């Protein structure tokens, strides 16, 4: 084949991401939020899911752990504008950063993690969990880097047994994304590459 899902999945997930804390809501109106960041940067953020639809009103403070949907641009006024998709949460913090319990398998064998980050927010968006999990997978464990590893899944299970799963052979379904979760309530995260 040519027209490959992959190299597209790899460039999205191997890429960095934007993290802002204590951003302020300038607006929330037509399925999108307008947001002021604390580095003199602005963000227009879309939310295509009927199940995840931020209710934050102008003036409220938000946290951003988000990905860019296209190139950011400068303006004048003279400020950087970003175009992002989801990953807007409340600013509620954990007293201590925690490591989220991720276990990876590659070739049916436990794959030791590396640079798996700690989190200090109570809430993360499921899309955020997703690009963090997949970044760990793309950068340390070879996901999308050899035909060997192009599928598999991740599965998060809460304390109360409800689950979130995403297939790594596909892009994250932003259009049907569920609301953020209390990450301190995550029981395990399992990823398997096949």
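Positions refer to the first chain, counted from 1.
As recorded in the PDB entry, 161 to 169 is the stretch of 161 to 169 and 29 to 37 with the greater mean C-alpha temperature factor. Per the PDB record, of the two stretches 47 to 55 and 140 to 148, 140 to 148 carries the greater mean B-factor over its C-alpha atoms.
You'll see in the entry that, of 82, 118, 93, 107, the Cα B factor peaks at 107.
Ranked against the other modelled residues of its chain, the C-alpha B-factor of residue 153 as given in the entry falls in the highest third. Remark: residue 78 belongs to the highest third of its chain, ranked by C-alpha B-factor as recorded. Among the modelled residues of its chain, residue 185 has a C-alpha B-factor that falls in the middle third according to the deposited record. For residue 18, the recorded CA B-factor ranks within the lowest third of the chain. Only modelled residues enter the ranking.
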